[PDB]
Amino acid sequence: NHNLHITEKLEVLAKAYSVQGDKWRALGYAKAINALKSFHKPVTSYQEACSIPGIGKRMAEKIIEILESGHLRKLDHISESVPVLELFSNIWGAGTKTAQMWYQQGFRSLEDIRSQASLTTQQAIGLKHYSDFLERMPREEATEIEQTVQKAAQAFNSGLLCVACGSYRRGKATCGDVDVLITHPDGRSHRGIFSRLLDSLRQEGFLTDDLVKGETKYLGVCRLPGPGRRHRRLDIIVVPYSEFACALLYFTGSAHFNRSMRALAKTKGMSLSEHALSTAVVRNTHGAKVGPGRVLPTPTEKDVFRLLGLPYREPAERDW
């Protein structure tokens, strides 16, 4: 990154808009930041700033003030509430609206939340693990977690396929959580396995808390045995084999990469989800799907790329 002197100032404003609920402006900042981090050289001119995709008049103006002034005046008028809103929205299950409500009600600390806030079941678990969920784990621990799930699943049916996705599959040295995708090549024996799989992982003591228990998605908390272990976020998704490639693609990410790929599909009259890539998709004038297209056959991730007219990208090159 040739422009840290810019981005680290911009990230502060981005975070402020985000925790305050200004989602679209924060998205604009996030895109301008990544564009700046991918630039090959320091941006040294206003029109050079305007050069880059994701940088407009407003953003170029801010970069010009930073190079001349070494500073961004807007940083000095960020509301005093933002550090507290960030503290609160780092509770799993509390977002901008809950954080703002707690702030309005006078709460200022996690002690205030603990002693006085009404918490959902999910939020109470997030608060209990507040520090642990802000920490990343070594890649090698994510391996142990994936393998724990795989062995529990394969105890029931040796034919079950289990793949760690997310940042793990993209090759990162540390992971904020573990994402495990499960399917069965026969296209049938994936059904109704959650109850037994989750029960098995609980009997161990491995699964410590459940955040979400849906028919296809589980989100929760695990901890490996022994001393020196922290609680870690674990997501599991079980999908039919017919959807494996799109589910693998979705779950491997990155989030930015998925959104960019899905935006591309839309421009070409298609739609991409975790379930399928569809074509001949009819939408209204607001980009809204009003008529469903046809599912396209996507036996492998490469097929999704190919049908989108894209060169194949290995997971490591999807880390956007």
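Numbers follow the displayed sequence, beginning with 1.
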No coordinates for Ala49 in a third or more of the other PDB entries: no
Unmodelled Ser38 in at least one third of other entries with both flanks present: no
Of 210-218 and 72-80, the one with larger mean CA B-factor: 72-80
Per the entry, higher mean C-alpha B factor between 166-174 and 81-89: 166-174
Candidate residues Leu264, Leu277, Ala288, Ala255, the one whose C-alpha B factor the record puts highest: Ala288
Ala155, C-alpha B-factor rank within chain (lowest, middle or highest third): highest
B-factor third for the C-alpha atom of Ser260 within its chain: middle
Record-listed C-alpha B factor of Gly126: chain third: lowest
Lowest, middle or highest third - CA B-factor, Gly228: middle
Where the record places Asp199 (Cα B-factor, split into thirds across the chain): middle
